[PDB]
Amino acid sequence: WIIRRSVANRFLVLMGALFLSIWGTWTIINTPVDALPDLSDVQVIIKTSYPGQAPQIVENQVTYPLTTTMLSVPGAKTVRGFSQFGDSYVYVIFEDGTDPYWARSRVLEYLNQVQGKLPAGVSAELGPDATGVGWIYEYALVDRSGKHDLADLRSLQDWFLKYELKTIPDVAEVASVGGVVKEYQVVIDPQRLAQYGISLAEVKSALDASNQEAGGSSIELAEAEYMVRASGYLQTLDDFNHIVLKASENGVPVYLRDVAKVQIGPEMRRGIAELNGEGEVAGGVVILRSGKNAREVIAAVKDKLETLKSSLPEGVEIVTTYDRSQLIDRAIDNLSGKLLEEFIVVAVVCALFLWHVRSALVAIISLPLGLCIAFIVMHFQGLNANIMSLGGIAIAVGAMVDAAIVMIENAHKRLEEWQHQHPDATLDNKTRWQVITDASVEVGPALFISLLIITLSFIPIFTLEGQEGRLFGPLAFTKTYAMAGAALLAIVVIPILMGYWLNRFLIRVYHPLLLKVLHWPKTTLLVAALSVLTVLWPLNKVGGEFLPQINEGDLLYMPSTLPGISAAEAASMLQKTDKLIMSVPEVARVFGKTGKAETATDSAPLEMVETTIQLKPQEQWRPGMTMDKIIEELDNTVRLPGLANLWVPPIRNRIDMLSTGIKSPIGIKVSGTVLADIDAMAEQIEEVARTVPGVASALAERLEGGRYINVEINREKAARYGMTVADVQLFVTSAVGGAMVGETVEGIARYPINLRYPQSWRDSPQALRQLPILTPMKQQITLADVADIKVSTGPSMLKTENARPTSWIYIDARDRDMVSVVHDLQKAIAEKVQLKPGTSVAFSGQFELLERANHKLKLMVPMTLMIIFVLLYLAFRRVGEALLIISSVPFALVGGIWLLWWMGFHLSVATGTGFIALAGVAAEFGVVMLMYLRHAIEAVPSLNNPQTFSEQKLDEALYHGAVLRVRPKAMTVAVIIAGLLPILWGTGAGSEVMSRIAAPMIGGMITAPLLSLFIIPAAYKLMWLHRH
Amino acid sequence: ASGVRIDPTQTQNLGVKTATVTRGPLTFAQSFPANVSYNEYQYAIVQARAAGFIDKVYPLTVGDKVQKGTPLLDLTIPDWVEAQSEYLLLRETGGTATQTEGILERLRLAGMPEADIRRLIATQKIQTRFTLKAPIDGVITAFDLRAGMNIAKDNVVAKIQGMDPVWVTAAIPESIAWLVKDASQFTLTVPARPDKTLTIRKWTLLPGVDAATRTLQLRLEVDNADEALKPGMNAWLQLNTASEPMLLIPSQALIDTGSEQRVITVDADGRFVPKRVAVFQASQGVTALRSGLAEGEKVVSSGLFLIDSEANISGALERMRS
Amino acid sequence: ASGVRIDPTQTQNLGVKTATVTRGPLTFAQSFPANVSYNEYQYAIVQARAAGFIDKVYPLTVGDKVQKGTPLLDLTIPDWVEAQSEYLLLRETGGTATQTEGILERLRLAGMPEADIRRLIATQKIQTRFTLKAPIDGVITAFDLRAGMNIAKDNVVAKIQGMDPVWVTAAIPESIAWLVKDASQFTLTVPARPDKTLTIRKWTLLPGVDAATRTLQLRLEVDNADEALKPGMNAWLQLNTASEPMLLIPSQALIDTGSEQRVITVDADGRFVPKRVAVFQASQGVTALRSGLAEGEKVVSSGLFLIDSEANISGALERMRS
Ligand SMILES: [Cu+2]
Ligand SMILES: [Cu+2]
């Protein structure tokens, strides 16, 4: 069809080809390299720091009405709710097709409204333009020189590093983690307050105004501007010691020095950060924005650090703690190796059947330029892609051959038939030009359209939503590039190259076999149906999983414990477990951090601690230790009472936490309208989630286990001393507590200045009972005189998904399959856990992503047929044959399963795409079948036969169709299979998922050819016996 | 089987320090502010026992310190002239020895200082120049009589009050009084001079709870034989007060959840078992219990939380309650 | 089942400032708030020696400075009319030396000044119109009497406070007492006159500490010839001195909760270990200690190891042992 012209134009294709070469060799050099598909959904965050009162009211007014005001504005997948004591985090997460920034702008309008509602000095701070996946490069500042300390390092990181980094384009925000905030503390001795007769509020009201600079207008002298200033900012210690409180006519003043000592101490720490199970240090963490390039920014950071590896003060040392580069480059240096092993293997397969070296080159050339014609459009794509693109061309390059070889094989034979008559003396130009072009026009539209079929029958995958969408989508458009690109290139290449320049025992075993399949052919077709029931058995008991647990150069550690643990303790158990991890001789570093870091991204309760664990090079571990094997020497080593242990890959961890929460591989939700009810019906789900041998550890989080020390203030008792509630509360906020009052603006930097009694008067409830207070009328009573204070238990961290209470349960299980562990749970969860009136048991996490994935695959197989079924009426015209191909396909898939079972895999989504692939190639190999069967017959021998019935002529044309296939078949089933084998094995950086997809292909692509060698051929006859 | 066990090599990695049960008194501790008021038992106020006027006023004024028998004023009292003029008249002219005492006593009753009157018997001549000594050893106040003046019967020459066994009253909030039992014991501190160790002579709880400031009054007489504790100076008193003997475990080991209050008993073998207890009071660092644990039992005080977490999850915390 | 053990006690090996304790002095540098007033040892209150009526009042008034012998007011004292007559008569008709010496001395006792007596003996004319003179030169601070008015024995005719050796009192804060006890030299300086900056070497420290501000007082007998430094000027008394050389460490290295205070020390190797210690007094960022450490030992320079938000000082410290 439109192939005759491809041959006509020669110099253009040649020139174009070099153009593709220079461009291709400059696109593999002009492209962004990423590590993995960013499943990051467009997430909008809103950090609010309602003073430091209590969770409840934080959920009732600064949160709830905020979550719902945003649900209005569309786009949101789910509205999340974090109500942490002191900090209110609210999420609206957009999904699928939503402009990331449109989301922000459309959200922003509501923001200014809430800002006015917040107390003075607090803002809702819009979230980092990035996400948790911004988790890129982390580092800790250590100084084993003593020249400096944490307080010095924190101020060293927040006023230097955090700034020398934020300017690096595409970096979003740099967060500081773990450290001590220089805080000017003032310890008021309640006694001296009573002695000098000064009210607490008098101190603050005095302090408040004792720090500030005041300017003055430009006074004119010597005809030049003179700008008057006014000393004010606090700088020296005495400046604190000399706060004016009162003074008599005498001139004798009363400063602050004589009311309290002003010591510089640590500020209430958000979250702790530790290093190598020995000591704690200052930490920094860069956060790549949106879906920008992970590598580019990282590398851009290194040399910038080397610029500072001299500007840093003696003693300090930036020890990296986590770097994606050590993975991305480990995943690319593996994929490059596979693409190479492919090429050479395809180059040794073509040389096995095909004899000439010149003729083997056509299979070669079709690959490099095939890449050049791939990278070209890869750089044009709009969504970016990632590593997946590399694995895609690994499957695309295989297809290249099938389109290269069949056509080239059609050339070796069209020349032989022209030699049986012509002498072998004169190879004139005219004779060496018709034979070549003739082979291209035959296979032309015959196979060209075929690829358009295989690509389209693989299209639906593109329709996958959100995460998995832009995940397998890449590997989907890549196949098209090379493959579909060859339908225009490889077709015009082979002829050009062919025109510019143990093989006996191979065709033996096969032919004698056909004698039996053509004998009583109906039953041979029936035995094929026998195979299906033998494949159903292997199916079950292999469960499955959303995706292979891709192991990386490190791993994140997640220990969850009961409600509210003291920061002191929750920073000791941390620094403890770290010492434990270092026990194993394969771990390099251990950057343990509990609680949030200085970023609107990480919202971690002190309860748990996400520790980054870099392990030594695989070329250094113990003789017999693997990822899954080491994890055991961890989960059974790092063990503390009441600490339920869980281990997960860091990257996969972050994303799940952002997208749906959880991020303990297994997740169980429970909606609640009654606080006590929800946790109750959720608690028992934990004691039965352990009764399964497949589960390793589990931890159910309580919604209200926080312990309170209430101060129920008494209005009547208060007036007795002439105090309004406000007056007495002052002694709760910055007398027993210690909220800020101001900041010492030190040039570039600023530090807090808190105010309270010494710790003694706030040891225990009793201390708060004897808490000495100085009335406005100079009376000196105790806090007990204006209020009774009792300890109670209530909400610790209010969680509201959909603005409606809902809790999740974390579950660890990496010694089984992610289907039998989630199934058995669903089985038991409703066997001895009777439901309260209000609850919504929703299995979330990695299984909620499983549901969606399997719905797309089940909605992909029927509509696979329509594209497949219609394209059979286009190229073949026959109606019966279409029912032969659509029924041909089930057998190809039949085999694909058996390989997964043997090798040892599970039913994943990566495998399913491969399974769709098997049909597409098996649907093409079944087409090159119907072709030779519809060509040979009508070519010369048959035509005299169909007028009636016969058995000999039919016997011959079938013996010919067997021969015309062996060579193309062998080549095809050779290159592809020989190319699938490298990835098959499964070992390698990140290869764990790239093999899961390919493995299914092999098995199904070995049973397909053999079943298309006998079945498809000996099945056409029956339909012929219908057109009579 | 109540309680629950833990792999020792885990409680060995946690630290898990243990403290044993004791029975005895809980030692209440608290501090209070205090002024160094002058010792009011050494209150002296000089007044002329008769009228007259001033000749000389020595170099003194409110603020200075004066010792026993310091020269204050030099006044001339004219009321006692006739007394003497009539006395010597009889002394030089024989005069009955019975009559002599009569007029000489008529002076005492008039007011003349029994010493200035002795100056008379020693030299038989009228007395007109009187020097006012400082009755005791202390500090001056309200010295409101100066030179060129006429002194009267009520004109307070000098109000000299002492500062030895110096007083120090300490304030105590009304709703705390009970922290002061006779069986108590105090030790004061003074920031002015932290180099000197103060010794208390006698303390007494004044029966008058000051009205102005709703506080109790606690006076303290303390040795100041070197004049180191200036009257008016600040002083921090810290008291210790025994308590009716209860059972005591470190407060670092009692877990209160409002509803109930529990600790974690340890067994012979080591089966960590929660045990409900009734608290009585706490302070200084330890807490008492009106009942609950048997004296001798072992209690966990370190890393207790994670232990209770395991114990709660182990449901051992549920079986106990039943 | 895992026998692998680990050390619970928290460790630090990257971020530790080790400071060494030193036997040294406390460096103080403080200027004090002071001000001037009349030399109270030059205090004169002139009032009438007896009742009467005022004829004329001299051009004086409060604020004006008089010089001694200055005419204050002319008054009529009728009290001694009859008394002087007895004398005048005794002279007109004999009168013995004893008779006169009598009447004339009973007259001194009556009140009449020996001066007004002499001006009587001479003139022989009875004395009715007397004149008051300022006893000492100084500033008049009172004047209860003006013309056309009568006078009594308590009415203050004039208060006149000198200032030749002008006084000046400073206010040192209670806390410093232990140092100022024995002081060498204070460098006084008043704003009014910057040229008259006297190096003060002698002074006295009053026993009272103005409770209103908790500062002890001390005066300075400074000269004032040019009477240029007037009473009522905010003056400044600077100071700078060492102390009794006592072992000291950086204040920042002192974990001071209410009551018990402590510091943490590094042993011969590197392990931590706290020690209860008594504090003397801080100065310019460094604290002096009474006992608890021997000079030479190594204390950790920062109490920045205990997380804020009321992380138990008592608790967190006990974790650093056993
Ligand atoms: Cu992060
Ligand atoms: Cu987490």
# chains A, B, ... in the order shown; residues from 1 in each chain; ligands from 1
$ closest_atom_pairs --of "chain A" --to "ligand 1" --cutoff "10 Å" --atoms "only C-alpha atoms and all ligand atoms" --output "tab-separated table"
residue	atom	partner	partner_atom_place_in_ligand_line	distance
A:130	CA	ligand 1	1 (Cu)	9.6
A:131	CA	ligand 1	1 (Cu)	7.8
A:132	CA	ligand 1	1 (Cu)	5.2
A:133	CA	ligand 1	1 (Cu)	6.9
A:134	CA	ligand 1	1 (Cu)	6.0
A:135	CA	ligand 1	1 (Cu)	4.0
A:136	CA	ligand 1	1 (Cu)	7.3
A:137	CA	ligand 1	1 (Cu)	8.8
A:138	CA	ligand 1	1 (Cu)	8.5
A:173	CA	ligand 1	1 (Cu)	9.9
A:174	CA	ligand 1	1 (Cu)	9.1
A:175	CA	ligand 1	1 (Cu)	7.7
A:176	CA	ligand 1	1 (Cu)	9.9
A:177	CA	ligand 1	1 (Cu)	9.6
A:284	CA	ligand 1	1 (Cu)	9.7
A:285	CA	ligand 1	1 (Cu)	6.6
A:286	CA	ligand 1	1 (Cu)	7.4
A:287	CA	ligand 1	1 (Cu)	6.2
A:288	CA	ligand 1	1 (Cu)	9.2
A:596	CA	ligand 1	1 (Cu)	9.7
A:597	CA	ligand 1	1 (Cu)	8.2
A:598	CA	ligand 1	1 (Cu)	9.6
A:599	CA	ligand 1	1 (Cu)	7.7
A:600	CA	ligand 1	1 (Cu)	9.4
A:601	CA	ligand 1	1 (Cu)	6.5
A:602	CA	ligand 1	1 (Cu)	6.1
A:603	CA	ligand 1	1 (Cu)	9.9
A:654	CA	ligand 1	1 (Cu)	8.0
$ interface_residues --of "chain B" --to "chain C" --cutoff "7 Å" --atoms "only C-alpha atoms" --output "list in words"
residues 9, 13, 14, 15, 59, 60, 61, 63, 64, 78, 146, 147, 148, 149, 150, 191, 192, 193, 194, 230, 231, 232 and 233 of chain B
$ closest_residue --among "A:42, A:207, A:150, A:787" --to "chain C" --atoms "only C-alpha atoms"
A:150
$ closest_atom_pairs --of "chain B" --to "chain A" --cutoff "6 Å" --atoms "only C-alpha atoms" --output "tab-separated table"
residue	atom	partner	partner_atom	distance
B:10	CA	A:640	CA	5.6
B:33	CA	A:191	CA	5.4
B:173	CA	A:781	CA	5.1
B:213	CA	A:779	CA	4.3
B:214	CA	A:779	CA	5.8
B:257	CA	A:792	CA	5.8
B:258	CA	A:792	CA	4.1
B:306	CA	A:642	CA	5.0
B:307	CA	A:641	CA	5.7
B:309	CA	A:642	CA	4.5
B:310	CA	A:642	CA	3.6
$ write_last_selection --atoms "N, CA and C atoms" --output "PDB file, in the first residue's frame"
ATOM      1  N   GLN B  10      15.593  -7.591  76.085  1.00  0.00           N
ATOM      2  CA  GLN B  10      14.921  -6.396  75.583  1.00  0.00           C
ATOM      3  C   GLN B  10      14.800  -5.362  76.699  1.00  0.00           C
ATOM      4  N   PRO B  33       9.110  33.477 100.955  1.00  0.00           N
ATOM      5  CA  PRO B  33       9.857  34.732 101.045  1.00  0.00           C
ATOM      6  C   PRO B  33       9.859  35.233 102.477  1.00  0.00           C
ATOM      7  N   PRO B 173       0.984  31.186 102.374  1.00  0.00           N
ATOM      8  CA  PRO B 173      -0.401  31.233 101.887  1.00  0.00           C
ATOM      9  C   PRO B 173      -1.365  30.508 102.824  1.00  0.00           C
ATOM     10  N   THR B 213      -2.257  40.961 103.051  1.00  0.00           N
ATOM     11  CA  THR B 213      -1.893  39.830 102.214  1.00  0.00           C
ATOM     12  C   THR B 213      -2.386  38.568 102.898  1.00  0.00           C
ATOM     13  N   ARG B 214      -3.195  37.780 102.200  1.00  0.00           N
ATOM     14  CA  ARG B 214      -3.794  36.598 102.810  1.00  0.00           C
ATOM     15  C   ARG B 214      -2.740  35.528 103.068  1.00  0.00           C
ATOM     16  N   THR B 257      -3.959   8.065  85.284  1.00  0.00           N
ATOM     17  CA  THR B 257      -4.736   8.302  84.073  1.00  0.00           C
ATOM     18  C   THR B 257      -6.052   8.986  84.422  1.00  0.00           C
ATOM     19  N   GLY B 258      -6.046   9.728  85.524  1.00  0.00           N
ATOM     20  CA  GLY B 258      -7.248  10.373  86.018  1.00  0.00           C
ATOM     21  C   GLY B 258      -8.185   9.358  86.638  1.00  0.00           C
ATOM     22  N   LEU B 306       7.124   2.396  77.971  1.00  0.00           N
ATOM     23  CA  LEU B 306       7.156   1.304  77.008  1.00  0.00           C
ATOM     24  C   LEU B 306       6.764  -0.021  77.663  1.00  0.00           C
ATOM     25  N   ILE B 307       7.107  -0.178  78.937  1.00  0.00           N
ATOM     26  CA  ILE B 307       6.723  -1.370  79.687  1.00  0.00           C
ATOM     27  C   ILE B 307       5.209  -1.447  79.836  1.00  0.00           C
ATOM     28  N   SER B 309       3.096   0.097  77.939  1.00  0.00           N
ATOM     29  CA  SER B 309       2.577  -0.062  76.589  1.00  0.00           C
ATOM     30  C   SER B 309       2.456  -1.543  76.259  1.00  0.00           C
ATOM     31  N   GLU B 310       3.556  -2.268  76.424  1.00  0.00           N
ATOM     32  CA  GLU B 310       3.558  -3.710  76.231  1.00  0.00           C
ATOM     33  C   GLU B 310       2.523  -4.363  77.138  1.00  0.00           C
TER      34      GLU B 310
END
$ residues_around --residues "stretch 79-84 of chain A" --least-positions-apart "2" --cutoff "9 Å" --atoms "only C-alpha atoms" --output "PyMOL selection string"
chain A and resi 54-56+58-59+62-64+67-68+70-71+76-77+86-94+603+605+660-661+796-805
$ write_last_selection --atoms "N, CA, C and O atoms" --output "CSV table (one decimal), in the first residue's frame"
chain,number,residue,atom,x,y,z
A,54,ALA,N,-5.0,23.1,73.1
A,54,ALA,CA,-5.4,21.7,73.2
A,54,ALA,C,-6.0,21.3,71.9
A,54,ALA,O,-6.5,22.1,71.1
A,55,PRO,N,-5.9,19.9,71.6
A,55,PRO,CA,-6.3,19.3,70.4
A,55,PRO,C,-7.8,19.6,70.1
A,55,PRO,O,-8.1,20.1,69.0
A,56,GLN,N,-8.7,19.3,71.0
A,56,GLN,CA,-10.1,19.4,70.8
A,56,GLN,C,-10.6,20.7,70.0
A,56,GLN,O,-11.0,20.6,68.9
A,58,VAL,N,-8.9,22.8,68.7
A,58,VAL,CA,-8.1,22.9,67.5
A,58,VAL,C,-8.8,22.2,66.3
A,58,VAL,O,-8.7,22.7,65.2
A,59,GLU,N,-9.5,21.2,66.6
A,59,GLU,CA,-10.3,20.4,65.6
A,59,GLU,C,-11.6,21.1,65.3
A,59,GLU,O,-12.1,21.0,64.2
A,62,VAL,N,-10.4,25.7,64.2
A,62,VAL,CA,-9.2,26.1,63.4
A,62,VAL,C,-9.1,25.0,62.3
A,62,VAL,O,-8.3,25.2,61.4
A,63,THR,N,-9.8,23.9,62.4
A,63,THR,CA,-9.7,22.8,61.5
A,63,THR,C,-10.9,22.4,60.7
A,63,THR,O,-11.0,22.7,59.5
A,64,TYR,N,-11.9,21.8,61.4
A,64,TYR,CA,-13.1,21.3,60.8
A,64,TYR,C,-13.7,22.3,59.7
A,64,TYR,O,-13.9,21.9,58.6
A,67,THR,N,-11.6,22.3,56.6
A,67,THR,CA,-11.6,21.1,55.7
A,67,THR,C,-12.8,21.1,54.8
A,67,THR,O,-12.7,20.7,53.6
A,68,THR,N,-13.9,21.6,55.3
A,68,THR,CA,-15.2,21.7,54.5
A,68,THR,C,-15.3,22.8,53.5
A,68,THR,O,-15.9,22.8,52.5
A,70,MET,N,-13.0,23.9,51.8
A,70,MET,CA,-12.2,23.6,50.7
A,70,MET,C,-12.8,22.5,49.8
A,70,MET,O,-12.6,22.4,48.6
A,71,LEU,N,-13.6,21.6,50.4
A,71,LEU,CA,-14.3,20.5,49.7
A,71,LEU,C,-15.2,21.1,48.6
A,71,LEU,O,-15.3,20.6,47.5
A,76,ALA,N,-10.4,18.0,44.6
A,76,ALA,CA,-10.0,17.2,45.7
A,76,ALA,C,-10.4,15.7,45.6
A,76,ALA,O,-11.5,15.4,45.3
A,77,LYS,N,-9.4,14.8,45.8
A,77,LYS,CA,-9.6,13.4,45.9
A,77,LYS,C,-10.2,13.1,47.3
A,77,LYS,O,-11.2,12.4,47.4
A,86,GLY,N,-0.9,22.0,69.4
A,86,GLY,CA,0.1,23.0,69.1
A,86,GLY,C,0.1,23.3,67.6
A,86,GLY,O,0.3,24.5,67.2
A,87,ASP,N,-0.1,22.3,66.7
A,87,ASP,CA,0.0,22.5,65.3
A,87,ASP,C,-1.2,21.8,64.6
A,87,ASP,O,-1.5,20.7,64.8
A,88,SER,N,-1.9,22.6,63.8
A,88,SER,CA,-3.1,22.0,63.0
A,88,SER,C,-2.7,21.9,61.5
A,88,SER,O,-2.5,22.9,60.8
A,89,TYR,N,-2.6,20.7,61.1
A,89,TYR,CA,-2.3,20.4,59.7
A,89,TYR,C,-3.5,19.9,58.9
A,89,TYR,O,-4.2,18.9,59.3
A,90,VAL,N,-3.9,20.6,57.9
A,90,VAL,CA,-5.0,20.2,57.1
A,90,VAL,C,-4.6,19.9,55.6
A,90,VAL,O,-3.8,20.6,55.1
A,91,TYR,N,-5.1,18.8,55.1
A,91,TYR,CA,-4.8,18.5,53.7
A,91,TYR,C,-6.1,18.4,52.8
A,91,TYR,O,-7.1,18.0,53.3
A,92,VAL,N,-5.9,18.9,51.6
A,92,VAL,CA,-6.8,18.6,50.5
A,92,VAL,C,-5.9,18.0,49.5
A,92,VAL,O,-4.9,18.7,49.1
A,93,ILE,N,-6.2,16.8,49.0
A,93,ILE,CA,-5.3,16.2,48.1
A,93,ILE,C,-6.0,16.0,46.8
A,93,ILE,O,-7.1,15.4,46.7
A,94,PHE,N,-5.5,16.6,45.7
A,94,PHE,CA,-6.1,16.5,44.4
A,94,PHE,C,-5.5,15.3,43.7
A,94,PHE,O,-4.4,14.8,44.0
A,603,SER,N,4.7,15.5,59.2
A,603,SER,CA,3.9,15.7,60.4
A,603,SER,C,3.9,14.4,61.2
A,603,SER,O,3.0,13.6,61.2
A,605,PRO,N,4.1,12.3,64.8
A,605,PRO,CA,3.9,12.3,66.3
A,605,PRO,C,5.2,11.8,66.9
A,605,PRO,O,5.9,10.9,66.4
A,660,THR,N,-2.8,8.5,50.6
A,660,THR,CA,-3.9,7.9,51.4
A,660,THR,C,-3.7,7.8,52.9
A,660,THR,O,-4.5,7.3,53.6
A,661,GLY,N,-2.5,8.2,53.3
A,661,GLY,CA,-2.1,8.0,54.7
A,661,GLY,C,-1.5,6.7,55.0
A,661,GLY,O,-0.7,6.2,54.1
A,796,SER,N,-5.8,12.7,71.8
A,796,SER,CA,-4.3,12.9,71.7
A,796,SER,C,-4.0,13.6,70.3
A,796,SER,O,-3.3,14.6,70.3
A,797,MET,N,-4.5,13.0,69.3
A,797,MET,CA,-4.4,13.6,67.9
A,797,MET,C,-5.7,13.4,67.1
A,797,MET,O,-5.8,12.3,66.4
A,798,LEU,N,-6.6,14.3,67.1
A,798,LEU,CA,-7.8,14.2,66.3
A,798,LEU,C,-7.6,14.1,64.8
A,798,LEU,O,-6.9,14.9,64.2
A,799,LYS,N,-8.1,13.0,64.2
A,799,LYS,CA,-8.0,12.8,62.8
A,799,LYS,C,-9.3,12.8,62.1
A,799,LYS,O,-10.2,12.1,62.6
A,800,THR,N,-9.5,13.6,61.1
A,800,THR,CA,-10.8,13.7,60.4
A,800,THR,C,-10.6,13.7,58.9
A,800,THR,O,-10.3,14.7,58.3
A,801,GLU,N,-10.8,12.5,58.3
A,801,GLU,CA,-10.8,12.3,56.9
A,801,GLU,C,-12.2,12.5,56.4
A,801,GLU,O,-13.2,12.0,56.8
A,802,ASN,N,-12.3,13.4,55.3
A,802,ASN,CA,-13.6,13.8,54.9
A,802,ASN,C,-14.3,14.7,55.9
A,802,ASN,O,-15.5,14.7,56.0
A,803,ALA,N,-13.5,15.4,56.7
A,803,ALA,CA,-14.1,16.2,57.8
A,803,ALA,C,-14.9,15.3,58.8
A,803,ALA,O,-15.7,15.8,59.6
A,804,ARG,N,-14.7,14.0,58.7
A,804,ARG,CA,-15.4,13.0,59.5
A,804,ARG,C,-14.4,12.0,60.1
A,804,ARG,O,-13.7,11.4,59.4
A,805,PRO,N,-14.4,11.9,61.4
A,805,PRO,CA,-13.5,11.0,62.2
A,805,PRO,C,-13.2,9.7,61.5
A,805,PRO,O,-14.2,9.0,61.2
$ atom_distance --atom1 "atom CA of residue A:456" --atom2 "atom CA of residue A:1023"
27.2 Å
$ select_by_dssp --residues "stretch 210-272 of chain C" --states "strand (DSSP E)" --output "VMD selection string"
chain C and resid 210 215 to 219 234 to 238 240 to 241 246 to 250 255 to 256 261 to 266 272
$ residues_near_ligand --ligand "ligand 2" --cutoff "9 Å" --atoms "only C-alpha atoms and all ligand atoms" --output "PyMOL selection string"
chain A and resi 556-560+602-605+608-610+653-654+657+661-664
$ residues_around --residues "stretch 252-256 of chain C" --least-positions-apart "6" --cutoff "6 Å" --atoms "only C-alpha atoms" --output "PDB file with C-alpha atoms, in the first residue's frame"
ATOM      1  CA  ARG C 262      23.616  20.455  89.377  1.00  0.00           C
ATOM      2  CA  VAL C 263      26.327  20.284  86.709  1.00  0.00           C
ATOM      3  CA  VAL C 300      30.137  20.061  80.096  1.00  0.00           C
ATOM      4  CA  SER C 301      29.702  23.613  78.838  1.00  0.00           C
ATOM      5  CA  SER C 302      25.978  23.466  78.041  1.00  0.00           C
ATOM      6  CA  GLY C 303      22.713  22.518  79.716  1.00  0.00           C
TER       7      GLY C 303
END
$ atom_distance --atom1 "atom CA of residue B:278" --atom2 "atom CA of residue A:795"
25.0 Å
